[PDB]
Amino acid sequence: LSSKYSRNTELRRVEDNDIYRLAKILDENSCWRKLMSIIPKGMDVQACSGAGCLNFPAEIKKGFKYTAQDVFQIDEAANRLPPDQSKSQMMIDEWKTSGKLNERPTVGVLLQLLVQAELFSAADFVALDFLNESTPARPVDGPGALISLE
């Protein structure tokens, strides 16, 4: 597609202003914490970037990248700064540069993790704005599901 980014585009390569728009979405209801907490450890990022290529249950056997403690450092540092400081922005700044070789997170990995945590506002934004793709499917039950009119 004639999209700005591809599933294989690393988050650090995404325009800072684009990441910022995503950050403000994740700042709501402190959703950045939910995403940060489920980031699988040791993912073959490039292999997991394609649609349906990130098997969450399989990936988590290797554990999670961050702990409840790594999440605090973001809260701590941001709390020292003014109330309008984006914690999601700090979270992504740390995550985007993390890893070594094929460990740097990508747009495709982000999208699938957003879906796993039911962060649909962020996921829809990444799908449409970043990938020019259609919004991901919703579950049948739970807070993320649609409601039909009888």
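Note that residue numbering begins at 1 and tracks the sequence as displayed.
Legend: mean Cα B-factor per stretch from the PDB entry, 59-67 versus 106-114; the higher mean is in 59-67.
In this crystal structure, the stretch out of 116-124 and 44-52 whose C-alpha atoms carry the higher mean B factor is 44-52. Sorting the modelled residues of the chain by their CA temperature factor places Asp27 in the lowest third. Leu146: CA B factor in the middle third of modelled residues in this chain (values from the PDB entry).
When the CA B factors of the chain's modelled residues are split into thirds, the value for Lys96 lands in the middle one.
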